[PDB]
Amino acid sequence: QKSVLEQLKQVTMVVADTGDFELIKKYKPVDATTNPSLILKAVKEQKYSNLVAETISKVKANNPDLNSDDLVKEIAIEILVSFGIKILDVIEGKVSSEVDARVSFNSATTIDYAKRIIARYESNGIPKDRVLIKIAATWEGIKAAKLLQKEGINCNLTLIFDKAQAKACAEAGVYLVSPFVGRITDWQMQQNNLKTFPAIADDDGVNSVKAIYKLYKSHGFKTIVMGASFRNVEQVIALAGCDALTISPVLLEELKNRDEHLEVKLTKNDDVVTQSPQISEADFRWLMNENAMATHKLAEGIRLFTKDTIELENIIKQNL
């Protein structure tokens, strides 16, 4: 009788994947995640037209001495944080905010951007424990997260497409990882012009998260495994029991409206813990290169998020 959504909540931390806070409350997720494409989407929604002009005026009035390029960067970070704050107003947990994709291959500037995000949340009276900094899992991003975590700044390592990335993130003591399901399924379908989704047992994306989950629990890693990027409700249902799952409002609505019984598929255990050697940079780069899909989707993810961030900057410039 209970909805699949309410059942899932008892075995998995349910997280809402959106920048539109108005769609969140009705699903009562614990945490929420944003990314640069979701922020751009939100910014272009007519209902937020004013909130954007307001941010432009506030930042512009509080920084009369910034050169035009610095003003735009400042406005872009305040927008990202503004949407996160609106989200935090309607949930009890944390929100993920992603660093500018352009710093993805520079650990120092990733660290700087991460701290600027934390500084803006703090200036707005938000406790830092309510924020997760989202960072692309390139070697440089993982290296930055390692430093951030040592300084008490929790990170969400994203664009994870291979178990080696996952292992390196866990070895860096990252709070949470976001292995992708959907984009892997996208690649699988593109390869052979498949129209329909593959059966769940044959879904490369679902199997990737299952393999990473199993890797983590057998190695005793404490990093939270949060499946992300979904294309259909069956993919979410197939991962019931995962530490966490971030889901679009569209899929959350589907989970809320159906009431069949939910069977847990991923579970923890008391097996002897495997202690393996750490992954070196050279090992990491080699393994990523062997995975054609992973190298392509990580690269593409960074390119696409950059494109959306540039579009946001242009919207800012067109309204400055």
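Residue positions are given as counts along the sequence shown, with the first one as 1. Definition used throughout: the rigid core is the maximal C-alpha set that superposes within 1.5 Å between two forms.
Using the rigid core as the fitting frame, the root mean square C-alpha deviation in 4 other deposited structures of this protein is greater for 188 to 196 than for the other of 120 to 128 and 188 to 196. Compared against other deposited entries of this protein, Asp271 counts as often unmodelled, lacking coordinates in at least a third of those that resolve the residues around it.
Relative to its counterpart among 6 to 14 and 295 to 303, 6 to 14 has the higher mean temperature factor, C-alpha atoms as listed in the PDB entry.
Once the C-alpha B-factors are averaged per stretch, 66 to 74 and 38 to 46 rank with 66 to 74 first. Of the residues listed, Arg102, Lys195, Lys134, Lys167, the entry assigns the biggest Cα temperature factor to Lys195. Across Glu140, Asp243, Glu98, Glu151, the greatest Cα temperature factor reported in the deposited entry is at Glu151. When the modelled residues of the chain are ordered by their C-alpha B factor, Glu263 lands in the highest third. Residue-level temperature factors show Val30 in the middle third of its chain, judged at the C-alpha atom.
For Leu255, the recorded CA B-factor ranks within the middle third of the chain. Only modelled residues enter the ranking.
In this PDB entry, the Cα temperature factor of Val233 sits in the middle third of its chain's modelled residues. Among all modelled residues in this chain, the alpha-carbon of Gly173 has a temperature factor (C-alpha) in the middle third.
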